[PDB]
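Asker: Kindly generate the corresponding structure for this input.
(chains A and B, ligands or ions: 2)
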Amino acid sequence: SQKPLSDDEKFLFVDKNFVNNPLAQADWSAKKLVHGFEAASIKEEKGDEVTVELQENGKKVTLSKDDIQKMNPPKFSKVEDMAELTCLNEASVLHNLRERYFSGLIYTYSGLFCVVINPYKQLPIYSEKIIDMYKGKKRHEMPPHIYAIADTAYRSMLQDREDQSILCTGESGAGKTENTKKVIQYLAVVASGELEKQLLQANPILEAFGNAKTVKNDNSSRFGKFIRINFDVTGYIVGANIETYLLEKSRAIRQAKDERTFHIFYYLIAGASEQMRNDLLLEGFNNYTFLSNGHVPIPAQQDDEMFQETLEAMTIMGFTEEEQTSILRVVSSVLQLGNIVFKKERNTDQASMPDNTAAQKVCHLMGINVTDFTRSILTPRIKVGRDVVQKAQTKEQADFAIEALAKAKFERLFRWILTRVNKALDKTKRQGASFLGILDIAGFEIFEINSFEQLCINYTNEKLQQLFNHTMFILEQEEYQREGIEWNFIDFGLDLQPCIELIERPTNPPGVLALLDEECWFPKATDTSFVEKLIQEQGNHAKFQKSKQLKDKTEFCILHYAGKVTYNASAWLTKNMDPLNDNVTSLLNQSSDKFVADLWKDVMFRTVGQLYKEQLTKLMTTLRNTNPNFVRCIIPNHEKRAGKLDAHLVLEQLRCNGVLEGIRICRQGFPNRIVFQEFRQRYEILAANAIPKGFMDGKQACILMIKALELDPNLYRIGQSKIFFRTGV
Amino acid sequence: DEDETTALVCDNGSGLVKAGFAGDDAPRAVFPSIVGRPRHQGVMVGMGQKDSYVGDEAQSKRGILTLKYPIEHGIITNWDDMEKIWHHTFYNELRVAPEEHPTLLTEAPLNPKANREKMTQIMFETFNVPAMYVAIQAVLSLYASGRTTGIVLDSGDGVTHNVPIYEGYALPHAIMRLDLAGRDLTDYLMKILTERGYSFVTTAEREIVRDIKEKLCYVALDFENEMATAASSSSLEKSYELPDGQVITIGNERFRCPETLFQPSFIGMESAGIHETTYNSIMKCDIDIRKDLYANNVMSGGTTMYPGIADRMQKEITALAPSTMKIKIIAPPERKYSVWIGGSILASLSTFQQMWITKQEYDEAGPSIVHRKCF
Ligand SMILES: Nc1ncnc2c1ncn2[C@@H]1O[C@H](COP(=O)(O)OP(=O)(O)O)[C@@H](O)[C@H]1O
Ligand SMILES: [Mg+2]
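Answerer: Residues are numbered from 1 along each chain as shown, chains lettered A, B, ... in the order given. Ligands and ions are numbered 1, 2, ... in the order given. Take a look at the structure below.
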């Protein structure tokens, strides 16, 4: 794993600066040496306005401290793990990342993170030889790589008897499926199938039903998933089972400017044959309420082919031609549900349907009685016990019930397919003693202004990053326990805890999402009144940022993990809904189309936020029962220019990946931890005096040198094999 | 559950008792605040193996039981049988632990302190509850209607009230306590059924008359002309088949009793009618306030479940209201359990935690904690 001459190590081994010299004067400029940054020397401080000489270009320029950090010694050029820097300044982290990616070093360590930057080309550095190079190797011994992480995980399962999980997250497309595959392939060789070919075909199917287009990514999964790889008690792969959480169901019924709903809706209308369109009651893109918005097409793409492609995959997956069609009957009927609109009655309408042809279209495809359908929607009946109470709803609620159904149907359909994937994937006979839960999920999502969907996403993300902060803390304290380090500090997950409660918190002063729940219960609640509730309750929310005197008429901000984010909330009461009527559910069970009957072969409202809280909890709990391994996905260049890295795009993602914040946690500990004998070697030229680079009393000798150095006791701590040192020390 | 609260809802009354819980959509069980006792007791040919029957039990065995009314107005007559009612509510129907889930009791506007003492003491001594909130009957209906302001009229069999809600809250004089409810229309119905040729001597038969009212009582718009019209003893005359073997036929009398509600002179009294006493309570507010009160005139209760009441009340309100003001009666789709619904709503809201009274607070301040929390 250490030979550049070989292509399997060419884009792996860190060929860098090997000056090998402990004297700070020899390996660092005598002057105050300072989203790429220019080499500069600090000349004069006028407050934040610090004038520096931009040595890079020879330009004496006044520059705010905002862009001024101490540049680390040249000897740290492209180190394997960013945590190896003397002073953890992200200016040099970014430069190492730029240099490393440019040099072919796609894999980078950063504390606990296995950073993967997309090369936009195939790199040989994942061969079976390379597998063997990491097989049984202790992480740091070899260059950064998922294989090392996979090795760790494997032997943690095998030797330590601990269930593992891969928290792989960031930007979709940046080695999304690759990174997953890297883990699987590592162990395909070590922990040693055919049924995953079907899983590979399932991927694009589930993308049709799970991915959508947005502003910053045109193939983003609108859900989180993980792959449970099952292992034999003796450490062998015997099977796999996948599961999804937090499907952005609202995506099936709405799309914003520059967005597309779930791809399948377009694949079907565009790619269906005329015979299919007739049989499926398909109309054009302007014939639906759903999919309303001019952003239907994608430049240089073709839905026709992708449609067909999906069907080809489905064939491979074992979907019967009729099942395939039935699935598309559902898809179509969802769009036809969009076309259902209620009577304009001036009570909260029981509603009215002068012409329910759209519903007839839906019930044609479903094979259900449109008049039972309509009637029960007009006045939903809720079984209490022996009695059933016809709970009449308004026409607005009836409209929402249709959208609720639409969303529910899409999800059911999705889950059905998902189940079928597992029917193909998850082999029956198998030991499944342990497992590796490979988590595949997007990182923080930030636009110029976010909405509900993003709130839930970022809420999700902070829950998951809490797993990181918590875990990281433990791991740091584990070393403190191994050593004699008493700096307990604080459980860093508590940084997210109030940010999480800000959303999650129910009774007691409600959080933001809980207020949305409140507001979606009172009949005449508005989105303005929601904002007013935020204004009232935010005095108790330290992590909530009330906006400006004029701005607080609608928008407000939240102090998120990935940076402060402005949220809109102009229509959140129309989002946090879902009046799903189970009279329809029953009718669907009673469908003539038996596919549909199977979808709902067995059998309220709540809120969308609440549903995500539940699903999140299930995911988080499952992940917390394992040992988090950390992998992050970065897009260095949106033009896909292999070899180009824009630190702008990257730093943004470092923050959204928790890497930049991970650095802050490291800044709060002891990054530079030096081995007692090492310390004598590192600081001999730096004022040895009585103690050279070797001395009898292991611990005191180093301490004597520390006294000579005159270091501050609050910046270090004497361990058992190391002396812990803070960043910059 | 266990560690978490989740409140319970109990909307009692001499009419119907609605059992449920916070966030519930519809009452789990409904039965009158009535407790029956066998005339013979002990060993009987036809009994339910009890010497004390509650709610549906009492109404199922009317033929053998003497019917007592622990709630009479909403006034507690027998607080021991009130425990039986709440036993039936929480233990039998709901089947939940009161030493765990906070509870919510409803209260008729202008309720004597003695009743508050009886209710509070029991809940924190017999059914020991972590916290219990007493909520104003009528006001709960307002919330169920989906409003935070307006006239709040609640008119059933027990007692008719009106609690106008505005910037501030109605005081003991703008709150109506009308002694002219369905109880009086029930007894009047009985009397005019004897005019036809029927007899309802016993308490069980008194209840049968009330049960008859439920499914026939029609609210006329033009009594005189409809009285003549409904003389059709064939096409418009309709009987009530009591599931037991008794059929009571009623003609144009179906809309004779409602007239007593609007005009007690139909009984023989000079008392003001429901819309006149309502008007009287409306005049206790400012001109600006009563305009908004008219705009959202929320009505619920048994007397608002009868056909024709929507148009009749609207006419009557506009008769006693400025023509320059917006006048609209609010008629929810569910006006029978509108009070219970309000309880379910507020109990599910976090604001319940700032309204309830805890057992600790009771134990310290005693019964007086009720008014110490709020009057
Ligand atoms: N189907 C019905 N039609 C008309 N009135 C009904 C019907 N069912 C029930 N009611 C009446 O509605 C009223 C129930 O209102 P409620 O507020 O629970 O009563 P109360 O407060 O008098 O205990 C009773 O007077 C009952 O007779
Ligand atoms: Mg009522």
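
Asker: Now do the contacts for residue 314.
Answerer: You didn't pick a chain, so chain A it is. Contacts for residue A:314 (CB atoms under 8 Å, 6 or more residues apart in numbering or on different chains) come out as A:201, A:205, A:324, A:327. Where you see a C-beta, it was placed from the backbone N, CA and C, and this is true even at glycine.

Asker: my bad, the chain I had in mind was chain B
Answerer: Contact analysis of residue B:314 by CB under 8 Å, 6+ apart lists B:327, B:329.

Asker: same thing with the one 4 residues further on?
Answerer: With contacts taken as CB under 8 Å, 6+ apart, residue B:318 has the following neighbours: residue B:327.

Asker: Please report phi then psi for it.
Answerer: Here is the backbone geometry of residue B:318 (degrees, to the nearest 10): phi -70, psi -30.

Asker: Quick one: buried ones out of the contacts of residue A:314?
Answerer: Buried members of the contacts of residue A:314, counted by 16 or more other CB atoms under 10 Å in any protein chain shown: A:201, A:205, A:327.

Asker: Mind putting those residues into JSON lines with secondary structure and distance to chain B?
Answerer: JSON lines is the format used below for those (DSSP: H, G, I helix; E, B strand; the rest coil; distance: CB to the nearest CB, whole Å):
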{"residue": "A:201", "secondary structure": "helix", "distance to chain B": "44"}
{"residue": "A:205", "secondary structure": "helix", "distance to chain B": "38"}
{"residue": "A:327", "secondary structure": "helix", "distance to chain B": "33"}
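
Asker: Name the nearest of those relative to residue B:170.
Answerer: Nearest to residue B:170, judged by CB to CB, of these is residue A:327 at 59.1 Å.

Asker: thought the closest one was touching residue A:598?
Answerer: No - in this structure residue A:327 lies outside contact range of residue A:598 using CB atoms under 8 Å: 11.5 Å.

Asker: what residues are shared contacts of those two?
Answerer: Counting by CB under 8 Å, 6+ apart, the shared contacts of residue A:327 and residue A:598 are residue A:416.

Asker: Beta-bridge partners for the closest residue to ligand 2 within the stretch 251-375 of chain B, please?
Answerer: Nearest residue of the stretch 251-375 of chain B to ligand 2 (CB to the ion) works out as residue B:300 at 3.4 Å. Per DSSP bridges, the residues bridged to residue B:300 are residue B:154.

Asker: Residue 118 - how many residues pack around it?
Answerer: You didn't pick a chain, so chain A it is. Residue A:118 sits with 23 neighbouring residues when counted by other CB atoms under 10 Å in any protein chain shown.

Asker: try chain B instead
Answerer: Counted by other CB under 10 Å, the residues lying close to residue B:118 total 19.

Asker: Could you do residue A:48 as well?
Answerer: Per other CB under 10 Å, the neighbour tally for residue A:48 reads 11.

Asker: just residue A:608 next, same as before
Answerer: Residues lying near residue A:608 (other CB under 10 Å) number 24.

Asker: show me the contacts for it.
Answerer: Per CB under 8 Å, 6+ apart, neighbours of residue A:608: A:249, A:250, A:452, A:456, A:575, A:576, A:577, A:578.

Asker: Please list the members of those residues that lie in helices.
Answerer: Of those, the ones assigned to helices by DSSP state H are A:452, A:456.

Asker: And the contacts of residue A:608, which is closest to residue A:422?
Answerer: residue A:249 (20.8 Å).

Asker: now the closest residue to chain A within the stretch 251-375 of chain B: how far from residue A:375?
Answerer: Using CB to the nearest CB, the closest approach of the stretch 251-375 of chain B to chain A is made by residue B:333 at 4.1 Å. Separation of residue B:333 from residue A:375 (CB to CB, to the nearest Å): 15 Å.

Asker: Which stretches in the stretch 251-400 of chain A count as helices?
Answerer: A:264-271, A:274-279, A:303-317, A:321-338, A:357-366, A:370-378, A:395-425 (DSSP state H, counting those that start in this stretch).

Asker: tell me, how many neighbours does residue A:721 end up with?
Answerer: Neighbour count for residue A:721, taken as other CB under 10 Å: 14.

Asker: Also residue A:3?
Answerer: Counted with other CB under 10 Å, residue A:3 comes out at 10.
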